[PDB]
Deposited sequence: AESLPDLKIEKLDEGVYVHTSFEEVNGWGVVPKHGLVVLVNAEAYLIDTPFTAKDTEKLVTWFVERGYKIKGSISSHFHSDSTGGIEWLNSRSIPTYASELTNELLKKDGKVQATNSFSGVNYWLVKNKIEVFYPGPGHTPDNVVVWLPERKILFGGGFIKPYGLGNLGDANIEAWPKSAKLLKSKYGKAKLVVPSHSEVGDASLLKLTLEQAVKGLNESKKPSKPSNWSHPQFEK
């Protein structure tokens, strides 16, 4: 597996990329963010492993930016894998009430802090968590950075295929995607879990991919 990567996306916004091997297919990249706010650091999604989470946190902490919290966008391990490590270090972790209930049901360690409702400000004026409704999973949320107009979309953003439908709600996804598109059409950058970073157009494709999945009711390179 490739080493953890950290790449600048905007002033005070970094994409962290961690990797997981899929059996006989290959390595798949997972994107999250580190957002620097008021000279402190916040994780948007954790890496899959405690090792990568520790590497990521210590990297910023050593250099003078205290880790103040992490928010996980949904219950899947690619978003929550580092919660155990963070809790073990007394670093505040956050996830929605729905996400914590799914973690609990799945026998996974929960975030220390939860929230509910459509909007939740993790940092006032600077980090907003938004629940568009069920889609990729029943609990999926997105994270908005109003100062940079950057949206972390995570697994909800599926411009080129809905992917693993094991936990998806194909019935609700179109309505959720419509709501998200209407809410953050102003986004300059949209960050998906695996696919390439794009512009607000990703919100359109997702929507059309949702409405097209309903009807018909790792990446796939075969063509």
Original post:
Which parts of the deposited sequence lack C-alpha coordinates?
Top reply: 1-3, 221-230
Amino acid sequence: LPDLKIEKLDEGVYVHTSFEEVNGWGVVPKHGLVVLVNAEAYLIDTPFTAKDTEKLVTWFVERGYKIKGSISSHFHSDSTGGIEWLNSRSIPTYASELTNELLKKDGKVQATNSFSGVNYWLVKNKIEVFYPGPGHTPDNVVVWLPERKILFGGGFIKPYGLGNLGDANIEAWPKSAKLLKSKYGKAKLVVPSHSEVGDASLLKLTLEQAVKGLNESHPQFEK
From here on, numbers count along this sequence of modelled residues.
**OP:** Between 20-28 and 208-216, point out the one with the higher average CA B-factor as the PDB entry records it.
**Re:** 208-216
Subject >> Residue range whose averaged C-alpha B-factor is higher in the record, 69-77 or 118-126 >> reply: 118-126
**OP:** Check the PDB entry and point out which of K158, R63, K51, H194 has the largest C-alpha temperature factor.
**Re:** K158
Subject >> Candidate residues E97, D106, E84, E147, the one whose C-alpha B factor the record puts highest >> reply: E147
Original post:
When the modelled residues of the chain are sorted by Cα temperature factor, does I170 land in the lowest, middle or highest third?
Top reply: highest
**OP:** Report the third (lowest, middle or highest) to which the CA temperature factor of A39 belongs, ranking only the modelled residues of the same chain.
**Re:** highest
Original post:
Considering only modelled residues of the same chain, in which third does the CA B-factor of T46 rank: lowest, middle or highest?
Top reply: lowest
Subject >> Position of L33 among the chain's modelled residues by C-alpha B-factor, lowest, middle or highest third >> reply: lowest
